[PDB]
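Only one structure is covered here, and it is reproduced in the block below.
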Amino acid sequence: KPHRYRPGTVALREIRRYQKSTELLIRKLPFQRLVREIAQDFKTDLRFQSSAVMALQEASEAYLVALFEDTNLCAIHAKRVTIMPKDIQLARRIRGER
Amino acid sequence: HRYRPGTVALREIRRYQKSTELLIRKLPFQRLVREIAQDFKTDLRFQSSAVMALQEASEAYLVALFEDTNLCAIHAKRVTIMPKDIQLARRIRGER
Amino acid sequence: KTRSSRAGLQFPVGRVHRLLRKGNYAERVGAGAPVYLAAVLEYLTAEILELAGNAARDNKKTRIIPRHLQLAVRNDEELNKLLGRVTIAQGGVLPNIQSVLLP
Amino acid sequence: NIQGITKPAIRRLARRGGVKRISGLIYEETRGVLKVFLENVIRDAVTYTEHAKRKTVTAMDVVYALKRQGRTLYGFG
Amino acid sequence: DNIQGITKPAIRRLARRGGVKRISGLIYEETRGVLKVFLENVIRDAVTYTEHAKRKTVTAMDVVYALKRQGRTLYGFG
Amino acid sequence: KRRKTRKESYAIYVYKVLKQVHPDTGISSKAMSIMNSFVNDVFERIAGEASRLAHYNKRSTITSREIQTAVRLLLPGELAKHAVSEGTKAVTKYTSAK
Amino acid sequence: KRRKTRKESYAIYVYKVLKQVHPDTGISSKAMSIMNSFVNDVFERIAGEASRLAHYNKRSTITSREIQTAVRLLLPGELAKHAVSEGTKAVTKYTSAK
DNA sequence: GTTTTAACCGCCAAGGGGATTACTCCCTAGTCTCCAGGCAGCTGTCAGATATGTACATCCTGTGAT
DNA sequence: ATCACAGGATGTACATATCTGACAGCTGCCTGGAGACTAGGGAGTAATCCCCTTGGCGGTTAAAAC
């Protein structure tokens with residue numbers, strides 16, 4: 001019988017690891033491509049400095065982490081341990097983004 | 001004759017969303033403002049317009065907070081607001 | 001003799017005065033205003049640097065990194081309130097796990 | 001004087017906010033929140049008044065205090 | 001179709017850093033949409049700043065100013 | 001060939017303060033940039049508050065009193081009072097010297 | 001017999017605009033005060049955005065294009081484009097006249 | 001639904017101080033000159049990143065047991 | 001028959017040795033800050049007014065309390 005951790009030990013291990021670490025969690029090239037694709041709609045033939053993309057990635061990851069913390073709080077409020085899109089919608093509505 | 005438990009609540013909601021006058025009595029709120037300001041500076045005087053502005057701001061803030069609290073209560077499959085709903089709303093807002 | 005030395009400050013009083021004059025803040029800038037602002041900036045920098053150095057020493061490091069600054073800011077209540085809407089690059093987040101999620 | 005914000009007043013404020021059913025423990029929490037908010041706004045207003053060397057808190061002081069906290073209020077100057 | 005570049009493991013890692021223990025399968029599309037909206041706003045402000053400067057390169061300072069205008073001040077990039 | 005145009009930063013002053021508070025602790029480039037940005041942000045906040053204070057009182061000069069009120073309005077609790085004490089000490093010493 | 005001091009307000013211009021958009025429609029004193037505060041707030045917002053735009057680009061003059069960029073940054077979409085159209089039309093007419 | 005109370009309103013009265021005006025002086029903008037503090041540029045070296053192997057920490061399931 | 005350990009497996013914290021590149025220190029220089037004056041008006045201060053804030057007081061009843 002192969003060893004198997006129960007469903008939630010590895011999740012807590014990941015939580016601890018990614019809260020101890022500080023490196024960016026999104027791949028750099030896909031994020032740069034997404035930024036360029038979005039910027040295409042505002043002005044054609046735009047160039048980007050590397051520091052600009054790094055700052056955009058840092059801000060986006062910080063915003064997503066804060067939103068996920070709020071989503072976790074909302075899901076815990078509903079006596080759940082699973083985050084759902086309704087939790088994100090409630091968090092963004094209370095924050096005042098919707 | 002007795003209305004069922006919730007008809008009068010909806011009636012009051014409609015009445016107070018139609019209306020625009022302040023919902024807190026003027027004198028108790030003025031006394032609270034003076035009591036709070038006593039801890040910052042003594043022998044302070046207040047203009048009537050200042051207290052009216054404070055009352056308007058406080059009532060708007062409380063109404064928005066109660067809207068968020070109602071949303072939180074609905075999120076938890078409830079129709080009754082609880083202190084934990086207010087705490088969650090203030091925590092998501094970034095006040096506590 | 002530098003104006004910073006007169007006030008016993010390490011931050012540049014003259015540079016702060018020039019920035020106040022050339023910052024489009026008021027028609028005139030007082031003499032003591034740059035001194036007071038330099039003192040306040042130096043005090044805040046000293047507080048954050050002391051807390052960050054404590055964090056670095058707790059992490060067995062001798063050089064302050066953004067993680068130490070983030071830990072120092074978010075662990076101090078007043079500093080967290082001051083920088084509530086500020087994001088520190090490469091600072092990460094605090095190790096906070098909700099009690100309901102623990103085994 | 002915090003007790004001057006009576007239970008019916010808090011109920012009316014909740015009704016304006018669309019709340020249909022109110023727990024009995026809402027009132028103390030609402031009083032505390034209102035006290036904290038008023039403490040912050042009044043502290044800022046008194047600071048503005050003291051800087052002005054005035055002894056009367058004006059409507060403009062309250063407006064500036066609210067605007068500093070991202071709560072701009074129209075209708076008072 | 002670069003929004004799919006933000007893969008499911010990336011969103012899972014971001015949630016883990018946020019403290020989420022269990023993630024629904026519909027979270028990823030909502031997260032991608034929210035990220036797209038946020039990036040659209042920030043990039044729009046940054047491109048406005050760049051165009052006002054008569055430049056063709058979006059700089060880090062433009063991004064910092066855009067974030068500051070939206071109340072999301074960023075430290076470490078000037 | 002040609003030296004880059006000089007860009008003024010608060011690096012040396014932050015380093016001096018760090019050596020005052022931690023003689024043996026150093027600082028990284030990213031941390032130094034973060035400290036410089038923090039100093040710039042706080043300077044902008046205090047200066048803007050002082051300017052608004054002067055405008056509200058129909059004054060044309062920013063003095064120690066206006067900055068002090070800005071500090072009291074912007075810094076929370078013990079930070080505000082300690083900054084006030086430090087600044088008043090600095091101003092008193094500066095006026096006592098010359 | 002002490003005449004009150006002159007307090008400037010946008011009341012007459014708001015009244016003229018109201019008569020343009022609604023001839024048989026009035027405005028109360030409180031609503032007029034609210035509109036005056038709105039005009040003042042938007043003026044302050046746009047002027048501050050233009051000032052920081054000029055400072056960022058190391059310029060000492062607030063021009064039409066700085067105000068245009070401030071309007072584009074601060075207004076939400078269709079409002080921004082219509083405000084830009086109105087501003088450009090007014091500036092063109094003013095330049096054409098004298 | 002019933003009982004209580006203080007909010008509100010109308011009125012009157014006193015005076016604290018906000019606002020205005022006049023005067024004057026001293027504090028800061030402005031200018032010129034001078035010099036040294038800080039910035040760009042090099043450069044050496046040691047703090048930390050990277051393996052690398054190891055000693056626990058912890059989780060999980062079987063299992064003996066009172 | 002449901003509950004504490006036994007022990008195996010996995011992961012992570014912990015010495016230890018290399019090495020490197022980023023940080024701290026030294027140097028030249030130039031530009032911005034300091035010294036030394038003058039002009040002028042912004043602001044500090046005194047006098048005054050009146051207004052607008054505060055205090056009180058009685059009656060009504062709507063609202064608060066139960």
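Here, A, B, ... name the chains of the structure tokens in the order displayed, residue numbers run from 1 inside each chain, and ligands are numbered from 1 in the same displayed order.
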Give me, as a tab-separated table, the closest atom pair and its distance (Å, one decimal) for every residue of chain H within a cut-off of 10 Å of chain A, counting only C-alpha atoms (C1' of nucleotides), rows sorted by chain and rising number.
```
residue	atom	partner	partner_atom	distance
H:59	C1'	A:5	CA	7.4
H:60	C1'	A:5	CA	7.2
H:61	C1'	A:3	CA	9.5
```
Original post:
Which polymer residues have any atom within 12 Å of an atom of residue 47 of chain I, counting only C-alpha atoms (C1' of nucleotides), with same-chain residues fewer than 2 positions away left out, as an MDAnalysis selection string?
Top reply: (chainID H and resid 20:23) or (chainID I and resid 45 49)
Subject >> Computed interatomic separation between atom CA of residue 52 of chain C and atom CA of residue 70 of chain E (Å) >> reply: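 Atom-to-atom, atom CA of residue 52 of chain C and atom CA of residue 70 of chain E are spaced 27.7 Å apart.
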Counting only C-alpha atoms (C1' of nucleotides), collect the residues of chain B whose closest atom lies at most 9 Å from chain H, and write them out as a short mmCIF file (atom, residue, chain, number, x, y, z; two decimals) with C-alpha atoms, in the first residue's frame.
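Final file, iface-v1.cif:
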```
data_model
loop_
_atom_site.label_atom_id
_atom_site.label_comp_id
_atom_site.auth_asym_id
_atom_site.auth_seq_id
_atom_site.Cartn_x
_atom_site.Cartn_y
_atom_site.Cartn_z
CA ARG B 25 -32.40 62.18 17.57
CA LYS B 26 -30.52 65.47 17.42
CA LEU B 27 -29.94 66.09 21.14
CA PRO B 28 -28.54 62.63 22.08
#
```
Original post:
If we count only C-alpha atoms, which residues of chain F reach to within 9 Å of chain D? Please list them as a count of residues only.
Top reply: 8
Pull the closest atom pair for each residue of chain B that gets at most 10 Å from chain A, along with the distance in Å to one decimal, counting only C-alpha atoms, ordering rows by chain and then ascending residue number, as a tab-separated table.
```
residue	atom	partner	partner_atom	distance
B:64	CA	A:94	CA	9.7
B:65	CA	A:94	CA	9.3
B:67	CA	A:94	CA	9.2
B:68	CA	A:94	CA	6.1
B:69	CA	A:94	CA	9.1
B:71	CA	A:90	CA	7.7
B:72	CA	A:90	CA	7.7
B:73	CA	A:78	CA	8.9
B:74	CA	A:78	CA	9.5
B:75	CA	A:78	CA	6.6
B:76	CA	A:78	CA	4.5
B:77	CA	A:78	CA	7.6
B:78	CA	A:78	CA	9.7
B:84	CA	A:77	CA	8.2
B:85	CA	A:77	CA	8.1
B:88	CA	A:74	CA	7.6
B:89	CA	A:94	CA	6.7
B:90	CA	A:94	CA	8.9
B:91	CA	A:70	CA	8.4
B:92	CA	A:70	CA	6.1
B:93	CA	A:95	CA	5.3
B:94	CA	A:95	CA	8.2
```
Subject >> Coordinates-based distance that separates atom CA of residue 85 of chain F from atom CA of residue 46 of chain F (Å, one decimal) >> reply: 16.2 Å
Subject >> All strand (DSSP E or B) positions in chain E, as number ranges by chain >> reply: E: 22-23, 57-58, 73-75
Dump of N, CA and C atoms for the selected residues, as an mmCIF file, in the first residue's frame:
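Wrote it out as result_4.cif, contents follow:
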```
data_model
loop_
_atom_site.group_PDB
_atom_site.id
_atom_site.type_symbol
_atom_site.label_atom_id
_atom_site.label_comp_id
_atom_site.auth_asym_id
_atom_site.auth_seq_id
_atom_site.Cartn_x
_atom_site.Cartn_y
_atom_site.Cartn_z
ATOM 1 N N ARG E 22 -8.982 24.853 0.608
ATOM 2 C CA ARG E 22 -9.740 24.074 -0.362
ATOM 3 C C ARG E 22 -10.340 25.025 -1.385
ATOM 4 N N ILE E 23 -10.165 24.706 -2.665
ATOM 5 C CA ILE E 23 -10.518 25.601 -3.762
ATOM 6 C C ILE E 23 -11.524 24.907 -4.668
ATOM 7 N N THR E 57 7.325 53.684 -24.728
ATOM 8 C CA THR E 57 7.711 52.616 -23.814
ATOM 9 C C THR E 57 7.035 52.854 -22.472
ATOM 10 N N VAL E 58 6.285 51.863 -22.001
ATOM 11 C CA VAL E 58 5.680 51.938 -20.676
ATOM 12 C C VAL E 58 6.759 51.657 -19.640
ATOM 13 N N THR E 73 -0.341 51.950 -3.631
ATOM 14 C CA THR E 73 1.053 52.378 -3.676
ATOM 15 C C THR E 73 2.003 51.191 -3.578
ATOM 16 N N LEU E 74 3.016 51.188 -4.441
ATOM 17 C CA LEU E 74 3.986 50.107 -4.533
ATOM 18 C C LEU E 74 5.370 50.641 -4.194
ATOM 19 N N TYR E 75 6.080 49.927 -3.325
ATOM 20 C CA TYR E 75 7.430 50.288 -2.916
ATOM 21 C C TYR E 75 8.440 49.354 -3.569
#
```
I'd like the neighbourhood of residue 18 of chain H as an mmCIF file with C-alpha atoms (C1' of nucleotides), in the first residue's frame, where a residue qualifies if any of its atoms comes within 10 Å (using only C-alpha atoms (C1' of nucleotides)), though same-chain residues fewer than 2 positions away should be ignored.
```
data_model
loop_
_atom_site.group_PDB
_atom_site.id
_atom_site.type_symbol
_atom_site.label_atom_id
_atom_site.label_comp_id
_atom_site.auth_asym_id
_atom_site.auth_seq_id
_atom_site.Cartn_x
_atom_site.Cartn_y
_atom_site.Cartn_z
ATOM 1 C CA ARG D 54 -10.173 78.635 17.135
ATOM 2 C CA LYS D 55 -12.266 77.467 20.080
ATOM 3 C CA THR D 56 -15.376 76.611 18.014
ATOM 4 C "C1'" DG H 16 -17.231 84.334 24.013
ATOM 5 C "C1'" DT H 20 -12.563 92.537 10.629
ATOM 6 C "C1'" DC I 51 -23.456 87.361 15.981
ATOM 7 C "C1'" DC I 52 -24.049 83.184 16.952
#
```
Can you build me a table of chain C residues sitting at most 7 Å from chain F, with the closest atom pair per residue and its distance in Å to one decimal, using only C-alpha atoms, sorted by chain and residue number, as JSON lines?
```
{"residue": "C:6", "atom": "CA", "partner": "F:94", "partner_atom": "CA", "distance": 5.2}
{"residue": "C:7", "atom": "CA", "partner": "F:94", "partner_atom": "CA", "distance": 4.4}
{"residue": "C:8", "atom": "CA", "partner": "F:90", "partner_atom": "CA", "distance": 6.7}
{"residue": "C:10", "atom": "CA", "partner": "F:13", "partner_atom": "CA", "distance": 5.9}
{"residue": "C:11", "atom": "CA", "partner": "F:13", "partner_atom": "CA", "distance": 5.5}
{"residue": "C:25", "atom": "CA", "partner": "F:51", "partner_atom": "CA", "distance": 5.1}
{"residue": "C:26", "atom": "CA", "partner": "F:60", "partner_atom": "CA", "distance": 6.0}
{"residue": "C:27", "atom": "CA", "partner": "F:60", "partner_atom": "CA", "distance": 5.4}
{"residue": "C:28", "atom": "CA", "partner": "F:61", "partner_atom": "CA", "distance": 4.5}
{"residue": "C:29", "atom": "CA", "partner": "F:62", "partner_atom": "CA", "distance": 4.9}
{"residue": "C:30", "atom": "CA", "partner": "F:63", "partner_atom": "CA", "distance": 4.5}
{"residue": "C:32", "atom": "CA", "partner": "F:64", "partner_atom": "CA", "distance": 5.3}
{"residue": "C:33", "atom": "CA", "partner": "F:64", "partner_atom": "CA", "distance": 4.2}
{"residue": "C:35", "atom": "CA", "partner": "F:91", "partner_atom": "CA", "distance": 6.0}
{"residue": "C:36", "atom": "CA", "partner": "F:87", "partner_atom": "CA", "distance": 4.4}
{"residue": "C:37", "atom": "CA", "partner": "F:67", "partner_atom": "CA", "distance": 6.9}
{"residue": "C:39", "atom": "CA", "partner": "F:87", "partner_atom": "CA", "distance": 5.0}
{"residue": "C:40", "atom": "CA", "partner": "F:83", "partner_atom": "CA", "distance": 5.1}
{"residue": "C:41", "atom": "CA", "partner": "F:39", "partner_atom": "CA", "distance": 6.6}
{"residue": "C:43", "atom": "CA", "partner": "F:83", "partner_atom": "CA", "distance": 6.4}
{"residue": "C:45", "atom": "CA", "partner": "F:14", "partner_atom": "CA", "distance": 6.9}
{"residue": "C:46", "atom": "CA", "partner": "F:17", "partner_atom": "CA", "distance": 6.0}
{"residue": "C:49", "atom": "CA", "partner": "F:18", "partner_atom": "CA", "distance": 6.0}
{"residue": "C:50", "atom": "CA", "partner": "F:21", "partner_atom": "CA", "distance": 6.0}
{"residue": "C:53", "atom": "CA", "partner": "F:25", "partner_atom": "CA", "distance": 6.5}
{"residue": "C:62", "atom": "CA", "partner": "F:25", "partner_atom": "CA", "distance": 4.9}
{"residue": "C:63", "atom": "CA", "partner": "F:26", "partner_atom": "CA", "distance": 4.3}
{"residue": "C:64", "atom": "CA", "partner": "F:27", "partner_atom": "CA", "distance": 4.5}
{"residue": "C:65", "atom": "CA", "partner": "F:31", "partner_atom": "CA", "distance": 5.3}
{"residue": "C:66", "atom": "CA", "partner": "F:31", "partner_atom": "CA", "distance": 5.0}
{"residue": "C:78", "atom": "CA", "partner": "F:76", "partner_atom": "CA", "distance": 5.9}
{"residue": "C:82", "atom": "CA", "partner": "F:75", "partner_atom": "CA", "distance": 6.6}
```
Restrict the selected residues to N, CA, C and O atoms and save them as a short mmCIF file (atom, residue, chain, number, x, y, z; two decimals), in the first residue's frame.
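This went into result_30.cif:
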```
data_model
loop_
_atom_site.label_atom_id
_atom_site.label_comp_id
_atom_site.auth_asym_id
_atom_site.auth_seq_id
_atom_site.Cartn_x
_atom_site.Cartn_y
_atom_site.Cartn_z
N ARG C 6 23.26 71.40 12.73
CA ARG C 6 22.77 72.32 13.75
C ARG C 6 21.62 71.70 14.53
O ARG C 6 21.55 71.83 15.76
N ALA C 7 20.70 71.03 13.85
CA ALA C 7 19.55 70.40 14.48
C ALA C 7 19.87 69.02 15.04
O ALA C 7 18.99 68.40 15.65
N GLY C 8 21.09 68.52 14.85
CA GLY C 8 21.42 67.18 15.30
C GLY C 8 20.65 66.11 14.56
O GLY C 8 20.15 65.16 15.18
N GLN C 10 20.41 63.54 10.87
CA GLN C 10 21.16 62.90 9.80
C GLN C 10 20.53 63.11 8.42
O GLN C 10 21.23 62.98 7.42
N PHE C 11 19.24 63.43 8.36
CA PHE C 11 18.57 63.69 7.10
C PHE C 11 18.90 65.10 6.60
O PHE C 11 19.15 66.00 7.40
N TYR C 25 3.96 73.58 -2.98
CA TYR C 25 3.15 73.40 -1.78
C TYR C 25 2.64 74.70 -1.19
O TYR C 25 1.48 74.77 -0.77
N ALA C 26 3.46 75.74 -1.17
CA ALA C 26 3.04 77.05 -0.68
C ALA C 26 3.94 78.11 -1.29
O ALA C 26 5.00 77.81 -1.85
N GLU C 27 3.50 79.36 -1.19
CA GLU C 27 4.28 80.47 -1.73
C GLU C 27 5.61 80.61 -1.01
O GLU C 27 6.64 80.93 -1.62
N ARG C 28 5.62 80.39 0.31
CA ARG C 28 6.82 80.51 1.11
C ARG C 28 6.94 79.30 2.04
O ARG C 28 5.95 78.66 2.39
N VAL C 29 8.18 79.01 2.43
CA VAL C 29 8.49 77.90 3.33
C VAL C 29 9.27 78.45 4.52
O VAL C 29 10.23 79.20 4.34
N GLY C 30 8.85 78.08 5.72
CA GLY C 30 9.49 78.58 6.92
C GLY C 30 10.87 77.97 7.13
O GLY C 30 11.28 77.01 6.46
N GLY C 32 11.99 76.64 10.12
CA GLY C 32 11.96 75.48 10.99
C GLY C 32 11.20 74.31 10.40
O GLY C 32 11.32 73.18 10.89
N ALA C 33 10.42 74.57 9.36
CA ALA C 33 9.65 73.50 8.72
C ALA C 33 10.53 72.39 8.16
O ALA C 33 10.23 71.21 8.40
N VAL C 35 13.50 71.53 9.12
CA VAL C 35 14.10 70.87 10.27
C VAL C 35 13.12 69.87 10.88
O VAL C 35 13.46 68.71 11.14
N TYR C 36 11.89 70.32 11.10
CA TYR C 36 10.87 69.47 11.71
C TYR C 36 10.55 68.28 10.83
O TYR C 36 10.42 67.14 11.31
N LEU C 37 10.44 68.51 9.52
CA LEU C 37 10.12 67.42 8.60
C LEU C 37 11.27 66.42 8.50
O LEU C 37 11.04 65.21 8.45
N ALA C 39 13.40 65.81 10.91
CA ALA C 39 13.38 65.06 12.17
C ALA C 39 12.31 63.98 12.15
O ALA C 39 12.56 62.84 12.58
N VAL C 40 11.12 64.29 11.62
CA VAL C 40 10.05 63.30 11.57
C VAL C 40 10.44 62.15 10.64
O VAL C 40 10.25 60.97 10.97
N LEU C 41 10.98 62.48 9.46
CA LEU C 41 11.39 61.45 8.52
C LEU C 41 12.49 60.57 9.12
O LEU C 41 12.46 59.34 8.97
N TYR C 43 13.00 59.98 12.31
CA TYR C 43 12.42 59.14 13.35
C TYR C 43 11.69 57.94 12.75
O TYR C 43 11.82 56.81 13.24
N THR C 45 12.16 56.56 9.79
CA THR C 45 13.16 55.67 9.22
C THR C 45 13.86 54.87 10.30
O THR C 45 14.11 53.67 10.14
N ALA C 46 14.18 55.51 11.43
CA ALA C 46 14.84 54.81 12.53
C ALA C 46 13.95 53.72 13.10
O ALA C 46 14.42 52.62 13.38
N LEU C 49 13.76 50.87 10.52
CA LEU C 49 15.05 50.19 10.41
C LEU C 49 15.36 49.37 11.66
O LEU C 49 15.92 48.28 11.55
N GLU C 50 14.99 49.86 12.84
CA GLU C 50 15.20 49.09 14.06
C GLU C 50 14.37 47.81 14.04
O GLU C 50 14.87 46.72 14.35
N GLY C 53 15.85 45.44 11.45
CA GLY C 53 17.07 44.82 11.95
C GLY C 53 16.78 43.74 12.97
O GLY C 53 17.44 42.70 12.99
N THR C 62 22.31 39.28 8.36
CA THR C 62 22.93 40.55 8.71
C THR C 62 22.59 41.68 7.75
O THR C 62 22.95 42.83 8.01
N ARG C 63 21.90 41.39 6.65
CA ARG C 63 21.48 42.40 5.69
C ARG C 63 19.96 42.43 5.62
O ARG C 63 19.32 41.38 5.53
N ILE C 64 19.39 43.63 5.67
CA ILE C 64 17.95 43.79 5.63
C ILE C 64 17.46 43.57 4.20
O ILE C 64 17.99 44.15 3.25
N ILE C 65 16.46 42.71 4.05
CA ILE C 65 15.87 42.40 2.75
C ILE C 65 14.42 42.86 2.77
O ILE C 65 13.90 43.18 3.85
N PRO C 66 13.73 42.93 1.63
CA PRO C 66 12.32 43.37 1.66
C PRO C 66 11.43 42.55 2.56
O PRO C 66 10.47 43.09 3.12
N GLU C 78 0.91 50.39 14.59
CA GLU C 78 0.83 51.75 14.06
C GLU C 78 1.49 51.84 12.69
O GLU C 78 0.99 52.53 11.80
N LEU C 82 -0.21 52.97 9.21
CA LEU C 82 0.34 54.01 8.35
C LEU C 82 0.52 53.52 6.92
O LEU C 82 0.21 54.25 5.96
#
```
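Ranking I:13, I:6, I:24, I:1 by their shortest atom-to-atom distance to residue 45 of chain H, with only C-alpha atoms (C1' of nucleotides) included, puts I:24 first.
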Subject >> Contacts of segment 87-97 of chain C within 8 Å, only C-alpha atoms (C1' of nucleotides), excl. fewer than 6 positions in-chain, as an NGL selection string >> reply: (:A and (15-16 or 19-24 or 55 or 58-59 or 62)) or (:C and (66-71 or 74)) or (:E and (17 or 19 or 72-76)) or (:F and (34))
Writing out the chosen residues with N, CA, C and O atoms as a compact mmCIF listing (two decimals), in the first residue's frame:
```txt
# COMPACT_ATOMS: atom_id res chain seq x y z
N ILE A 15 0.32 25.88 2.11
CA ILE A 15 0.03 27.18 2.71
C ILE A 15 1.25 27.68 3.46
O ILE A 15 1.69 28.82 3.29
N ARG A 16 1.83 26.82 4.31
CA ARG A 16 2.99 27.23 5.09
C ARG A 16 4.16 27.58 4.19
O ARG A 16 4.83 28.60 4.40
N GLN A 19 3.52 30.88 2.35
CA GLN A 19 3.53 32.02 3.25
C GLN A 19 4.92 32.32 3.79
O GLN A 19 5.21 33.46 4.16
N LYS A 20 5.80 31.31 3.86
CA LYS A 20 7.18 31.56 4.26
C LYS A 20 7.99 32.19 3.13
O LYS A 20 8.90 32.98 3.39
N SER A 21 7.67 31.86 1.88
CA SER A 21 8.44 32.32 0.73
C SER A 21 7.94 33.68 0.27
O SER A 21 6.84 34.12 0.61
N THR A 22 8.77 34.36 -0.53
CA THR A 22 8.44 35.68 -1.05
C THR A 22 8.53 35.80 -2.56
O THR A 22 8.21 36.87 -3.10
N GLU A 23 8.97 34.76 -3.27
CA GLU A 23 9.11 34.85 -4.71
C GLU A 23 7.74 34.90 -5.38
O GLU A 23 6.72 34.48 -4.82
N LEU A 24 7.72 35.44 -6.60
CA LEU A 24 6.49 35.53 -7.37
C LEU A 24 5.97 34.13 -7.71
O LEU A 24 6.75 33.20 -7.94
N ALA A 55 6.85 45.17 -11.78
CA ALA A 55 5.98 45.90 -10.86
C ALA A 55 4.53 45.51 -11.06
O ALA A 55 3.78 45.35 -10.08
N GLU A 58 4.08 42.14 -9.42
CA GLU A 58 4.06 42.27 -7.96
C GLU A 58 2.72 42.79 -7.47
O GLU A 58 2.12 42.24 -6.54
N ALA A 59 2.22 43.86 -8.11
CA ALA A 59 0.95 44.43 -7.70
C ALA A 59 -0.19 43.44 -7.90
O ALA A 59 -1.07 43.31 -7.04
N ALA A 62 -0.03 40.71 -5.23
CA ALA A 62 -0.46 41.22 -3.93
C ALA A 62 -1.97 41.39 -3.88
O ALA A 62 -2.61 41.01 -2.89
N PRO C 66 13.73 42.93 1.63
CA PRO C 66 12.32 43.37 1.66
C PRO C 66 11.43 42.55 2.56
O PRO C 66 10.47 43.09 3.12
N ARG C 67 11.73 41.26 2.73
CA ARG C 67 10.93 40.44 3.64
C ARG C 67 11.00 40.98 5.06
O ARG C 67 9.99 41.02 5.77
N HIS C 68 12.19 41.40 5.50
CA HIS C 68 12.33 41.96 6.84
C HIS C 68 11.53 43.25 6.98
O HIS C 68 10.89 43.47 8.01
N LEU C 69 11.57 44.11 5.97
CA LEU C 69 10.79 45.34 6.03
C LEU C 69 9.29 45.05 6.09
O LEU C 69 8.56 45.69 6.86
N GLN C 70 8.82 44.09 5.29
CA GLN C 70 7.41 43.74 5.32
C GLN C 70 7.01 43.18 6.68
O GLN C 70 5.96 43.55 7.23
N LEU C 71 7.84 42.31 7.25
CA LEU C 71 7.55 41.77 8.57
C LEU C 71 7.51 42.87 9.62
O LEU C 71 6.61 42.91 10.46
N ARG C 74 4.24 45.06 9.08
CA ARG C 74 2.97 44.41 9.38
C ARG C 74 2.90 43.89 10.81
O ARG C 74 1.80 43.60 11.29
N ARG E 17 -0.92 31.04 -0.63
CA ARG E 17 -0.31 32.20 0.02
C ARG E 17 -1.35 33.04 0.73
O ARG E 17 -1.06 33.64 1.77
N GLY E 19 -3.88 31.72 2.22
CA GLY E 19 -4.37 30.90 3.31
C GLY E 19 -5.55 30.01 2.98
O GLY E 19 -6.17 29.47 3.91
N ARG E 72 -3.05 52.00 -4.43
CA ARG E 72 -2.32 50.74 -4.31
C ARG E 72 -0.83 50.99 -4.42
O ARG E 72 -0.12 50.36 -5.21
N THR E 73 -0.34 51.95 -3.63
CA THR E 73 1.05 52.38 -3.68
C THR E 73 2.00 51.19 -3.58
O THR E 73 1.82 50.30 -2.74
N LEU E 74 3.02 51.19 -4.44
CA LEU E 74 3.99 50.11 -4.53
C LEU E 74 5.37 50.64 -4.19
O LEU E 74 5.78 51.68 -4.71
N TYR E 75 6.08 49.93 -3.33
CA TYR E 75 7.43 50.29 -2.92
C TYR E 75 8.44 49.35 -3.57
O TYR E 75 8.18 48.16 -3.72
N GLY E 76 9.59 49.91 -3.95
CA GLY E 76 10.69 49.13 -4.49
C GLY E 76 10.96 49.31 -5.96
O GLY E 76 11.84 48.63 -6.50
N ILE F 34 13.13 50.49 -1.28
CA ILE F 34 11.86 50.53 -0.55
C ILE F 34 11.89 51.63 0.51
O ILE F 34 10.92 52.37 0.68
```
Rows by chain and residue number, chain D within 9 Å of chain B, shortest pair, only C-alpha atoms, as CSV:
```
residue,atom,partner,partner_atom,distance
D:1,CA,B:32,CA,5.1
D:2,CA,B:32,CA,6.0
D:3,CA,B:28,CA,8.4
D:4,CA,B:28,CA,4.9
D:5,CA,B:28,CA,6.8
D:6,CA,B:24,CA,8.3
D:9,CA,B:24,CA,5.5
D:10,CA,B:24,CA,8.0
D:12,CA,B:23,CA,6.3
D:13,CA,B:63,CA,5.8
D:14,CA,B:66,CA,5.6
D:15,CA,B:13,CA,4.6
D:16,CA,B:16,CA,5.1
D:17,CA,B:67,CA,4.7
D:18,CA,B:13,CA,5.8
D:19,CA,B:70,CA,5.7
D:20,CA,B:9,CA,5.5
D:21,CA,B:80,CA,4.5
D:22,CA,B:81,CA,5.4
D:23,CA,B:82,CA,5.7
D:24,CA,B:82,CA,8.3
D:25,CA,B:83,CA,6.5
D:26,CA,B:83,CA,5.5
D:27,CA,B:83,CA,8.8
D:28,CA,B:83,CA,8.9
D:29,CA,B:83,CA,6.4
D:30,CA,B:62,CA,8.0
D:33,CA,B:62,CA,8.6
D:34,CA,B:58,CA,7.0
D:35,CA,B:36,CA,8.0
D:37,CA,B:58,CA,7.6
D:38,CA,B:33,CA,7.3
D:39,CA,B:36,CA,6.2
D:41,CA,B:54,CA,8.2
D:42,CA,B:37,CA,6.3
D:43,CA,B:40,CA,6.6
D:46,CA,B:40,CA,7.2
D:47,CA,B:40,CA,8.7
D:50,CA,B:41,CA,9.0
D:55,CA,B:44,CA,5.9
D:56,CA,B:45,CA,4.4
D:57,CA,B:46,CA,4.8
D:58,CA,B:50,CA,5.4
D:59,CA,B:50,CA,3.8
D:60,CA,B:50,CA,7.5
D:61,CA,B:50,CA,7.8
D:62,CA,B:50,CA,6.2
D:63,CA,B:53,CA,7.5
D:66,CA,B:57,CA,8.0
D:71,CA,B:57,CA,8.0
D:73,CA,B:57,CA,7.1
D:75,CA,B:53,CA,8.4
D:76,CA,B:53,CA,6.9
```
